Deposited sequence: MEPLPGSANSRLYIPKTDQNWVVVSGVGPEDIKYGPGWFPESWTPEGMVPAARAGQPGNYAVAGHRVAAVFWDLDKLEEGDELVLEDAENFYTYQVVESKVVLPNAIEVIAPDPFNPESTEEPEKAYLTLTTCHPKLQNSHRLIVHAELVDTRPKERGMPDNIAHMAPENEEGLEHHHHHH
């Protein structure tokens, strides 16, 4: 049924933050919070990006600002990030944080640890991207995380995010 798309929610226990993640990473898309790159990069051209929890690379851009990704540098290996779709909570664990140049489009490849691959991805990653350093845009801070758990919503919210209440729709 038109329009058919869903949004997701992102939760970060470590910074005590969460958002509805919109589609797209244009200036109007991420004006007020994080957005999902709709396409992943490959050497042979752009392909549809992974949806939440799915094999590939669910990549997100957000401004380096108080209400969004200012504190992304506080994430360390092992930290949990939770992505929520209409059916599940997906827990990812941070496996890497690094700094790259603005043109390092490889970080949004379906497998960011093998960006030259042309094969279908098998692992599910989550990537968070923002400007770096603070108050500069010379570089990008990148956090990659790997799926460790899929929890159907029928079982309720994970304890570490259960206090992060909405104000009022992921689906039409």
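inquiry  = Tell me which segments of the deposited chain sequence are not represented by C-alpha atoms in this structure.
reply    = No C-alpha coordinates exist for 1-2, 171-172, 177-181.
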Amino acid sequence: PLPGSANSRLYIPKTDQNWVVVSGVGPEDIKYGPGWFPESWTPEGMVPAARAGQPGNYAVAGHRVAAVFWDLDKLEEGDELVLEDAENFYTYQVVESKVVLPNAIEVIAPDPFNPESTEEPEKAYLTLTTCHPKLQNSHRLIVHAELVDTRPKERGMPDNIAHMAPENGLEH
From here on, numbers count along this sequence of modelled residues.
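Fill in: Residue stretch of maximal mean CA temperature factor, 111-119 vs 58-66
Mean CA B-factor is higher for 111-119.
| Where do the C-alpha atoms have the higher mean temperature factor in this entry, in 13-21 or in 156-164? | Comparing averages over the C-alpha atoms only gives 156-164.
Practice problem: Report the option among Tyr125, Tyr32, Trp41, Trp36 whose CA atom has the maximum B-factor in the deposited record. | Solution: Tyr32 has the highest C-alpha B-factor of those listed.
Classify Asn7 as lowest, middle or highest third according to the C-alpha B-factor given in the PDB entry, relative to its own chain. Middle third.
Chain-wide C-alpha B factor ranking for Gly26, given as lowest, middle or highest third | Bottom third by C-alpha B-factor.
- Query: Where does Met46 sit by CA temperature factor within its chain: lowest, middle or highest third?
  - Reply: For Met46, whose C-alpha B-factor we compare with every modelled residue in the chain, the answer is the highest third.
query = When the modelled residues of the chain are sorted by Cα temperature factor, does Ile142 land in the lowest, middle or highest third?
reply = Lowest third of the chain for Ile142's C-alpha B-factor.
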